[PDB]
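Here the chain labels run A, B, C, D, E, F, G, H, I and J in written order, and each chain numbers its own residues starting at 1.
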């Protein structure tokens, strides 16, 4: 709800509940960090959901193609390694956050090269944000549908449980 | 926008500021590594490097050595551990001779200033010149670095052997 | 079959020939 | 060492030198002697030495093994 | 954008100088151009001159002299090459007496001149152990 | 100690230790200064 | 397919022609760089930016070539020395340490399943090399599933390594055809010249032609 | 980067690896060394000749000792047309069981002798592994003399 | 550094000086030829040994001769 | 032919020019030296001849080997 990147045509500066009208710059940076992290994690989660459903080469097959079921089938020592890798990545991100000129979601340090941003750079950042938002909605829907129905995405669609 | 620019505004260096050389991720990741982590004595840097290196060095020797075993064998683990320790010894010998022939300094970040201020009209290359201002760039610093590498390599190899035995036995 | 004494003293004499070799090597200078 | 001559190996060595000088975790280690390609005469000698050693070794192996394996 | 305003508008190449031209010696070539002509760097690719003072740094004297030879095609003649030691020890190199070496200037003495042809060289066997 | 243990005592000794010390000495010598 | 001399000759001839033509394309790229390349007309474009970081490209290609050669050929030599030492279980073989080309076998499986699943209007796979039945004409095999094992892994990586080294020689010739740290005015010597002299320790074969010469040698090796 | 080519100051000032390469290949070209006279040349050549003859005698002594210790000279005396002479034993940690079995000759893996030393020493009147040991001892003594 | 010698067969045609890539040779006054000039080698410390100087020499067996000698980072053409 | 290539690939122009010098001396002694002065092949042409002969010899050897083997069986 500022001159921040992420304002698109359907709803420009979409803050209907006024979360940003009262927040300071630090809280807004925190909000942008949370939104970008959620969007990236959700894009990965949606892609993994679908691909796992129609392709699970690892673990010598097995590891039932329905997600939320393979969640309880991974050896639980591979879960620990994924957890530790995510933790090390976020430790590195925390270290990045104290670098001078840091921008909320910018872990590549594009502020080093991008002074006086263009419209293409802002448009690409907005594209990433919008894809992340769509993936957040999609992954929430995926998890809820798999919980209530018990079938996965391409399985529920194939049968016709819509 | 352009994501490749001359390094530090010098178009004549043999280097570029790409999204890999000068990215915030690269900065933080290299600044958390033992070789560049702030607040570490050269002995501590050597100890951490040796620990990590012995830890991942025992792996290939134990797994693919001349005395492998598809099951767990104490002889295979001992062979891999001894090979890793001897390789660490060879690396420590290389470090020692490299430091012996490279530096002649016992306290850096000062001698450079002394010869930039109080003149250096001598045989040079010890008073003047002096490449690098790190504590690793001294005779004393590199000696402690090699000592730490060697001790940490032994400790890390032993720790990795213990972990391998535990994983092969209790899993 | 030669004995341990035969091989041992040959090794000792070989050592003496080695010290004579380094003396010649060092005398031919660095 | 005989067909490929110098000049082609000096530029490659320069590229390797740049790669070593511009990489982290390896900048801490630097050479005392500047790595350069072998000289023309040295390259000729090294190629001749390889040629001769390979020649001698392969023919010794052939003659000995053939005699042993053919005549019992 | 760049450290100095007189640098040519070069985007930087991974063919410039290395750690050698920080502790042994570096070479700087200076020249003044009437036009912001586009020229090829001796190290990498295309750079743009400044309509005025231009200063470039290189790792070798040959690189600076190749750049200067290229400058002659732009009708640029006032280029001058200097050698800089590890500290600011500047020494003028190429226009040593202000006149290019191809043009005869008074005040130059012959160096390495032998008052005979090649056939007058002494026999190597008479130059043994000296 | 039998005579047949001499190969196992000497071959590793020579063929590994002597290279190591010889490399150390030669590298130190050729990397010296004045 | 049952005329084996014809198949072998056609394959070998066409691969030889392809290798020669590729080396020629590299040669004429170098010729363009030496002769027809205008620095002013190519300010900050793709060609300029490639020349500006030629070092990085060539150094990383050098590292890749060393990695691939070390691995492929040294696995071959390790197999040879393990067999010579009477240690048959230490080889990089199928009955030993096995390097299964799983990615290629996955593709082979995908093609043999394509008719009716991904190519629903197909009646048979495109080639029986990917899998299927043995096709014989007059008791002579025309085509048959080509099984890929650890032997094909090693030879495929040998192919990759040789191709990478040929690319290294030719790309080093093209990129360093105009200038270098050795000869800053190599473009003034032309595309075809023997050297710049015995100086600089020796400047043999620095041309770009001398790179199409070495690349011809390495193309011969690879093909 | 200094002091290795002690005989050549021009090489010792080379900042490149060429100094090491040329230091090896010019070590025996005494006439081209720095601060060189003819007397020193002949004296150094003389001493090098002595060291060389010592090396030759040590090599012959080693052949004699290894035939006496790990060979089958005494067995070859009684049947020279069927027994294959053995040069020396083999101890290589890289051998598999198959290589050990194939190279196994009598008590240990060994190499057949293709130098013809068995026939030469038999012709000149050697019949015992103690005659070869005496020759090795004497040749090491001669090498010590020459050094 | 390499050694460069000039011989009185010099005709002062300047082709050696304008071919040197490292500014080693220069033209100096002389009275032994029509042109009244002779090549000189006052900066042999920059000599690289490329021998472009004597490739441009028109005299019968050369008037500039380059004798390769001790090597230096300048004479080896090392940018590193 | 492949082995012939190695003469051009391994050698250099100076030796062949100096040998042509003595051959030309013999021709001049017999008054049969050609007006077109015989010169050894240039360095680049020596390399080109070497690589052409190397390629021809190797490819022809593989050609004959492949054809004879696959026609016989």
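Quick notes on this one:
Methods note: contacts are C-beta pairs under 8 Å (C-beta built on N, C-alpha and C of every residue); 3 or more make two chains touch, one makes a residue touch a chain.
Among the remaining chains, those touching chain B and also chain J are D, G.
Common neighbours of chain B and chain E, listed by label, are D, G. The central chain of the assembly on a C-alpha centroid basis is D. Most remote chain with respect to chain B, judged by CA-atom centres, is J.
Compared with chain C, the chain whose C-alpha mean position is the greatest distance off is A. Should one ask which of G-J and D-E has more C-beta pairs in contact, the pair is G-J.
Note: centroid distance chain E to chain I, computed from Cα atoms, is 16 Å. Note: centroid distance chain G to chain I, computed from Cα atoms, is 45 Å. Each chain gets one centre point, the mean of its Cα atoms, and the points for chain B and chain H are 42 Å apart.
In this assembly, the C-alpha centroid of chain H lies 51 Å from the C-alpha centroid of chain I. Those residues of chain H in touch with two or more other chains are numbered 1, 3, 15-16, 18, 20, 69, 94.
Counting partners per residue, chain F has 3, 31-32 as the residues that reach two or more other chains.
Multi-chain contact residues, meaning those touching two or more other chains, do not occur anywhere in chain J. By the document's touch criterion, interfaces exist between A-B, B-D, B-E, B-F, B-G, C-F, C-H, D-E, D-G, D-H, D-I, D-J, E-G, E-H, E-I, F-H, G-H, G-I, G-J, H-I. Contacts from chain B toward chain G in the complex involve residues 4, 14, 16, 64, 66. By the touch rule above, chain I contacts chain E in their complex via residues 3-9, 14, 17-18, 20-23, 25-30, 36-38, 40-44, 46, 48, 61-62, 65, 73-74, 77-80. Partner chain B is touched in their complex by these residues of chain G: 49, 52-53, 55-56, 90, 97. For chain I in complex with chain H, the residues that touch the partner chain are 69-73, 76, 78. Contacts from chain F toward chain C in the complex involve residues 1-3, 6.
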